[PDB]
Amino acid sequence: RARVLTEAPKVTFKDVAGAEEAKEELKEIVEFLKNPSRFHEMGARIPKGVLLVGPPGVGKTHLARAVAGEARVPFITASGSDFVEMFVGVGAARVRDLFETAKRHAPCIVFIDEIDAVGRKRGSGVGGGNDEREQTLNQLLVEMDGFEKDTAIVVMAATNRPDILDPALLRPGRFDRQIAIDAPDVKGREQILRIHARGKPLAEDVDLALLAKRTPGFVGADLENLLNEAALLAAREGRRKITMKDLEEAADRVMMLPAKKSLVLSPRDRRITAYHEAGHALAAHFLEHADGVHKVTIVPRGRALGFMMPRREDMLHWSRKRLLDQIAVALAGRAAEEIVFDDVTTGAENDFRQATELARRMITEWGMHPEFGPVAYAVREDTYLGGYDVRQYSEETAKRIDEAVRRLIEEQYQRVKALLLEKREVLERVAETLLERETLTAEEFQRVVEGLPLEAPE
Amino acid sequence: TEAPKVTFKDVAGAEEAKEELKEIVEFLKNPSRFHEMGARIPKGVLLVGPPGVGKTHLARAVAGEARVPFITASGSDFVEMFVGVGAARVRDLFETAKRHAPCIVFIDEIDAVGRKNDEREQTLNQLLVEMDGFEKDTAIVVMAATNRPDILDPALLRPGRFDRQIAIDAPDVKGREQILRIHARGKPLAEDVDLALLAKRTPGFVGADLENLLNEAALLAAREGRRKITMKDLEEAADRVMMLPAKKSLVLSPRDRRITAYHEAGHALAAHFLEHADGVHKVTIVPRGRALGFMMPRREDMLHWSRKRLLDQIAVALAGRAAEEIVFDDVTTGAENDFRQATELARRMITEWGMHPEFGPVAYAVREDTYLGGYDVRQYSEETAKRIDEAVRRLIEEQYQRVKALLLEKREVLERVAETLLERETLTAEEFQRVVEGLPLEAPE
Amino acid sequence: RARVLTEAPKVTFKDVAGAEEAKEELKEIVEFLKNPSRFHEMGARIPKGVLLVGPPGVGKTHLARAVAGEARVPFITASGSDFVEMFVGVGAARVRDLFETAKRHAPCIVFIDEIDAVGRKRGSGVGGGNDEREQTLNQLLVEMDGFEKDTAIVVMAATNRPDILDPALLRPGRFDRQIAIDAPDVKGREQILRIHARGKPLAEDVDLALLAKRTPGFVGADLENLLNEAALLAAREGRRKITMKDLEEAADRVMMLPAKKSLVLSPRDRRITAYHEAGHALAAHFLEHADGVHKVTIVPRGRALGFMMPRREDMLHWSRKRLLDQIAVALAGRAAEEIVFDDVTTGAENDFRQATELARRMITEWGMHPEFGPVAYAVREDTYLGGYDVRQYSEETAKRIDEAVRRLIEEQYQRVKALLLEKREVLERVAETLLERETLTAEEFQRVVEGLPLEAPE
Amino acid sequence: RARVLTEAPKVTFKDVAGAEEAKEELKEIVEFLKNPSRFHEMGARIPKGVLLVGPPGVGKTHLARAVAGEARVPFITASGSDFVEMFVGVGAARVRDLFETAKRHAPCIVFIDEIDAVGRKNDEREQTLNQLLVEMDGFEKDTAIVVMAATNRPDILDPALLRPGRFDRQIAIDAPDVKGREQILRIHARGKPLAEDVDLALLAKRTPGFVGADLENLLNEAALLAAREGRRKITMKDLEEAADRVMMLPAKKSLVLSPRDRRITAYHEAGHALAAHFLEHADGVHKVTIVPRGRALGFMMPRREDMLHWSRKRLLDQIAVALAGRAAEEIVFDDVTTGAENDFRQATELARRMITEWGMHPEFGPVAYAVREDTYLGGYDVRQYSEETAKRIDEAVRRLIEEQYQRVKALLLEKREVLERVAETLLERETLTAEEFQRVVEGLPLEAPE
Ligand SMILES: Nc1ncnc2c1ncn2[C@@H]1O[C@H](COP(=O)(O)OP(=O)(O)O)[C@@H](O)[C@H]1O
Ligand SMILES: Nc1ncnc2c1ncn2[C@@H]1O[C@H](COP(=O)(O)OP(=O)(O)O)[C@@H](O)[C@H]1O
Ligand SMILES: Nc1ncnc2c1ncn2[C@@H]1O[C@H](COP(=O)(O)OP(=O)(O)O)[C@@H](O)[C@H]1O
Ligand SMILES: Nc1ncnc2c1ncn2[C@@H]1O[C@H](COP(=O)(O)OP(=O)(O)O)[C@@H](O)[C@H]1O
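Protein chains in written order, with PDB author numbering: chain C, 143 to 600; chain D, 148 to 263, 272 to 600; chain E, 143 to 600; chain F, 143 to 263, 272 to 600.
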């Protein structure tokens, strides 16, 4: 059993705001539900599964539903959690019979939420994390490969950390689709703030616009529970209409609730994350011999891994030189704040990991000619049921690797300190602009860097 | 049932497999010349290669040089139906084939058939027992073809069942010519290229993904109003059916390729020298194909070699880096295997074989073997493991400096082999032999 | 489900060539299928299972079938591989229902091939090699112990490495039979070359004899695909009859196909193996104080373990002295080539392992009074479901054990160098003879050693 | 409902050779089988379910039968093999009916052979097992009934079948022996004549490991070796050949030892005997054997279920009582040693224990570097110290054991003349019995005994 939406769902792409970089890219999954009789017999093939990735409450389930109602298709939902909570066995059963439930509705959309809770295996938690994930997952993995021609289905997956998933789900036949959603956009914020002000009236003066800029960082489900709260301000005393001075307080109420010990995205938390994101920007960008790419924004959650992972599962000769600057742009994030900032450091880590991983690879798995040779002290596997890293050198050669990666990262970090330092004027320039406007497209960047404005025709 | 067109004169390149196939051809031609004349023939040939290489086209193409009922069954349909009925499609289809002796019985999407609750099993067990029902006084060659035999039911590979395959290596320039020139009959061409410089301006391109290019080239001309395709109509036939596969099928840069081409020469040369030297020969560059091949003899590697060779054999591996280290703009690039396979020798050679370092006759490791699995259990004190480790840097460094030398001291044959390779996207044994031996090769065969 | 041979199999002991050291020793298994009504009620018992051991395509399945048709019994076949390929569970099911399939045919022969794929457990591959082997095997192990009196069955097993099997299969009640097959014999080669020349004629002059000697090393399935290929030489052009000049080429075609990068048993590969096999021979054989046994041949695959394993699973007080020469005859193999040969070494290992295993035993498990005392640094178990070695000393005592077995084997190897060296004339003598005639019975040996001929009469 | 052996069932305890140990223990069933009226009212209780421990063909069934012959009673029989070969419920029925049968024949003995086929641990063996159980669980106070059984491997016998009230007693029957080989051949002497120099004296010896059954079989065949040649009189050269013919057929599946092999174990098992025997400042026990198969089982029973709270001092003799094993041989034997591992292993686990787990005050002292994983099914000890402390422990154990081993080398050497006497007598008579040993030690011959 699961959550069935029969008769006909509401919620469609008209009830979904912004999400362009997703909507149009999903329109082909939709038309398969509409007419699978013009896909099976033509010659092409359809995903059968699509994982969309993003923060908590970005529009994910929202778009998942939206695809069902648009394609006028039954909506099947089940949060991953429910499949592992049980003993060793019933994990497998619940999946098969969810898919003998979804099979009966041809077509339909199945939608597992936090599939996060079924994908991963390595050798870490030996005891009670092995056989319950070994089994349960390798059922969906087999039921999905059960979708041949004349069975129209779309298994949609939600997840807040995409990288923590077993490399077999993104592999052929199974979940072979990549759309993440950076939804808290400017114009998006408006549209979301508009769409969720249909019920309840407002005798306003701000036009929700001056609320968008006063809630720059903010997700839609964040947004909704902002307004819905704003109204209950009135219904708490019985007031006709709610002002925009009743709306600021509605953002000063949700600013201190996400957790248990109350926390926020303060004028110094943006101001940090900004210098930090300018660092990377201002790093990967050079002239004569430097190496990297470009497109700058604030608030992604996932995406900032791109400078390795979604590329090692896409094979090609990278380069010692390339990687080092890669490792440089890695530490840029830190560097930045080390410099500008209050000479204390914010725990903003992943970067270091990416750098460090990139650099034990440096030494061991690749042959990059340290003091360690072109010898192969490791063996990242990439198998059909298995396929993840383990490896043998020997305690000593381990210190040997350790010391080495300290040396490598330290020294490379110092690099990106200088270059940030040396370019210090531009940091303020970028970060400041960044703070102020959230997003710069890279040619826009190209300008702000060469001390020049570029205003929006707004 | 009637005469099925397309012979071996109408299938480009792929000569290797054509030669191996005359075995089915003569037998398909005169089975009476076999049964009584005490012999036996394959029965079940599978094809190994990507989608759109020569595959079905070739199994069909037997029947065209064989003159025979080329029966067909799409494997996808075998599983889409119902219980028993999917297995029925088989039981009936094979009764059908018996009456048409001699013949060929082709199965496409054999993947959909041969994997390892009920669906795929139904058709599988049926397909099996019917193959297990082919007699001496019975003539019948079953064909099939798939991209990934890695995921094919091993039972479907048993002797008596599918106990033979030929690989068809995908593109090649001389094979891209051939193939475009074969699809030249249809409509006119006045362009400077003669599909010569097209076959090149297209890099990795299977045959199918060329027919598709030419089919579209016409619809690029006639939609503009042209009974005559050009270059700027055929080149565009590429970049249009090149930026849609690119999202799921790989492409390489004029640096990427120019690497692999030096890189793979290093190797070739490496295994080639004179006096006090030990190796082999025949070279390629193929985007997807080179991922499968190193893995087959990464599992099923085995003869009882000699210490000396391992030491060339190790350096034939490291020549891969080497080359690039020499020729290339003093950078190196993620190309791991060569090391890994070179280290497992050494690591083996110390530890497991008796090769008389500082380690000598002892057995510091044993090999866990047989079919399904094969990886080696270790057994030494931590110290002896430092020992082994250092060891393996030594043995390999030494070797790598070796092949750096052998390349350097030939670094002019390198940037020739590489260069002709880079140019002609494959040397063939003797071809190489010639390129090495300071001699040009004109417009061949 | 499996491979059933109903109605009546063909292939019998008349269709099996040579294999004497097996045929007569199997004749008692056969007569049980013939008349189980004269075995259940008499007083004796029958194997219920027999594992025969040898190379790839030696006559194994060939003899397995041969036993069935001879005993006029249904033939059940299933290759081990099929039982592990599946998930955790269905491994067990497939065995039980194979044996509820074979139970229905009383009597009958079940024949698992490469049972190699169901027998072994230690603690090496922690992850995905444990519970699929724990279960699946301990089903056949239980179904076989299900064969009481009034259920006639013979579970025949094929395997190319016998030593890699769980010590429980060769244990009581289960597979309690030992016949390996060194089949590529001289007279055997003939008979096999004869038997497989029934179809297709030959206008010969060599009499297949001068082909036997021109294909000394060669197995029967090797042989068969030699002739079957020879004929298709003709059928490729349409030739009546095939010469023996069409037969040499038929061995020059199969000489370069066993693998992917083409390899052979060259005039120097025999010539190596020969000196190698003469080493062991010329080792274990002495006078005054030396220790060992005798019977010399070329091409066994398995057998050359005898100087320990099939004896530690048969309990008795061996001796420090005895073992050292045992360890000596061990390295004889290397030694040999070290000397005669091109002063390069062929990777022919097992010997070393045998030696090394014998000598960590030396130190640890037994009490042989090194610098390590009569202390017990090890505990080879021999249990009823488990039963395999592991043990505890401590890292240091470990380097301690290591250095020791280096000293021990090195020094013992040196010994066997000298003794070979010192007997150098005899090596050439034996090996040369060996090369030339494949097999010397040990009294024949006794002669060739004391510089005397002994030619063959028939 | 299987074999109902009614009437007076022949063969008493006068017709069962050797095995005196068990006969004595069995009079307990005999007197009760003889006069149960003398028990029920006279407030007592008796075993109920005796199982026999020994190989196939020792004295087993023969003895359970032999109770009925000295007990004078209905010796009912049921073959366990047949309990499982039948059908569903029907196999369990055979039990339910057979036990109703036994009740009417009070007093009696109810024997189960092939009890293995019954008591192991989907449906087959369970059927008969649960039935066999509840029927034993239905034997009352005013009810007299002694169930017999006998198997070779109690190791693989369902522990539920060993519960109190069910099968809560067993006697072992040790297989051959020389004085038991005499006894047995002399018992099978009545049949046909003998004029040979041996009087089954020097046969009982010329045959080494030979169960009783594998002797009757020798003598049965000896006659058919004579009369087939035409002889109403068997000889030595007709009885010796009764051996080597029914000796080279079992040899393919049953073990044998060499005039060196045995002469080892005999010194070897002296080494031990002496070892645990001294005077002043010394701590041990006594009673010796040599039996080919039997000595594999016995070291294992107290390798699992070892437990009293000993004293530090003894362990140290107790360790050297173990090492003396090597010792002896090291001394007497042609300066070679032989794979005879256990002694060390068991000597090391003490030491290893003694350091580490017990409090014995090395350099290691009252700390608990290790704990013992216990209870029934399992028992092996978890370790817990830094690598260093493990070198520590290792060295330690070389030290403690070396020292000891040098000890018992001494004790043996400085007695090395009692050795090659106890060994020698053992080697000769294949078992000393407590006092016998005591006497051999104490410079005194022993003539043609009892
Ligand atoms: N794009 C948006 N426009 C309107 N509502 C939104 C939007 N994004 C999120 N929501 C609100 O959030 C709720 C669910 O949030 P969602 O993003 O689907 O959770 P999650 O990201 O964990 O899957 C919806 O019911 C909807 O009201
Ligand atoms: N060797 C070739 N010469 C000419 N055309 C080819 C060749 N190989 C493939 N093709 C084209 O590709 C089409 C299908 O390719 P094929 O390999 O037979 O199918 P698939 O690989 O998908 O099983 C053929 O119809 C043919 O037009
Ligand atoms: N003794 C031989 N005589 C005749 N044919 C043989 C002989 N040995 C092997 N063969 C051939 O080999 C085939 C099977 O080889 P086999 O040895 O049974 O494989 P494996 O050793 O892996 O079990 C048979 O079909 C038979 O034709
Ligand atoms: N103590 C003995 N004295 C005389 N005969 C014996 C003795 N022990 C065993 N036997 C012979 O062995 C036969 C069966 O041996 P027994 O031990 O009772 O059966 P099992 O051991 O197989 O259960 C008896 O019939 C008897 O002839």
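We treat Cβ as the ideally placed atom computed from N, Cα and C, and that holds for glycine.
Nearest-angstrom Cα separation, counted from residue j out to residue i
{"i": "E163 (chain D)", "j": "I323 (chain D)", "result": "8 Å"}
{"i": "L240 (chain E)", "j": "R143 (chain E)", "result": "6 Å"}
{"i": "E538 (chain C)", "j": "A478 (chain D)", "result": "31 Å"}
{"i": "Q281 (chain C)", "j": "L205 (chain C)", "result": "26 Å"}
{"i": "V558 (chain D)", "j": "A472 (chain D)", "result": "9 Å"}
{"i": "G315 (chain D)", "j": "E285 (chain E)", "result": "30 Å"}
{"i": "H422 (chain D)", "j": "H247 (chain D)", "result": "50 Å"}
{"i": "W460 (chain D)", "j": "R412 (chain F)", "result": "47 Å"}
{"i": "residue 100 (chain E)", "j": "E507 (chain E)", "result": "This structure does not reach residue 100 (chain E), given that chain E is present from 143 up to 600, and the question cannot be answered."}
{"i": "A294 (chain C)", "j": "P189 (chain C)", "result": "10 Å"}
{"i": "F317 (chain F)", "j": "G231 (chain D)", "result": "55 Å"}
{"i": "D531 (chain E)", "j": "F174 (chain E)", "result": "37 Å"}
{"i": "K245 (chain D)", "j": "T357 (chain E)", "result": "39 Å"}
Neighbourhood of residue i by C-beta, 7 Å cutoff - its chain only, sequence neighbours within 5 removed
{"i": "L353 (chain E)", "result": "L335, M386 and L389"}
{"i": "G201 (chain E)", "result": "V158, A161, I323, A325 and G362"}
{"i": "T498 (chain C)", "result": "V547 and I551"}
{"i": "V568 (chain D)", "result": "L424 and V591"}
Sequence-distant residues of its chain with Cβ nearer than 6 Å to residue i (five each side left out)
{"i": "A584 (chain D)", "result": "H436 and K437"}
Beta-carbon proximity list for residue i, same chain, < 8 Å, skipping 5 on both sides
{"i": "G593 (chain E)", "result": "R571"}
Chain F contact residues for residue i, given Cβ-Cβ distances below 7 Å
{"i": "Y535 (chain E)", "result": "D544"}
Beta-carbon neighbours of residue i, restricted to chain E and to distances below 7 Å
{"i": "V226 (chain D)", "result": "Per Cβ cutoff of 7 Å: no residues; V226 (chain D) is ~18 Å from chain E at best."}
Contacts that residue i makes with chain C (C-beta to C-beta distance below 9 Å)
{"i": "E597 (chain D)", "result": "None at all; the shortest Cβ gap to chain C is about 33 Å."}
Under 8 Å by beta carbon: chain F residues contacting residue i
{"i": "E290 (chain E)", "result": "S223, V226, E227 and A259"}
heavy atom of ligand 5 below 7 Å from residue i C-beta
{"i": "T203 (chain E)", "result": "Ligand 5 is absent from the structure shown, which contains only ligand 1, ligand 2, ligand 3 and ligand 4."}
- Taking a cut of 9 Å between CB atoms, which residues from the region 506–529 of chain C lie near chain E? For the region 506–529 of chain C, the set of residues with a beta-carbon nearer than 9 Å to any beta-carbon of chain E comprises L527 and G528, in chain order.
- Members of the region 250–274 of chain C near chain E, C-beta cut-off 7 Å: Among the residues of the region 250–274 of chain C, those with a Cβ less than 7 Å away from any Cβ of chain E are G265, in the order of the chain.
- Message: Any C-beta of chain D within less than 9 Å: which residues of the region 340–352 of chain E qualify?
- Response: Within the region 340–352 of chain E, the qualifying residues are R340, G341, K342 and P343.
- Taking only beta carbons into account, state which residues of the region 537–569 of chain C come closer than 9 Å to chain D, listed in chain order. Within the region 537–569 of chain C, the qualifying residues are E537, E538, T539 and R542.
- Task: Quick one: which residues of the region 459–489 of chain D get their C-beta closer than 8 Å to a C-beta of chain E? List them in chain order.
- Result: From the region 459–489 of chain D, only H459, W460, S461, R462, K463 and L465 have a Cβ closer than 8 Å to chain E.
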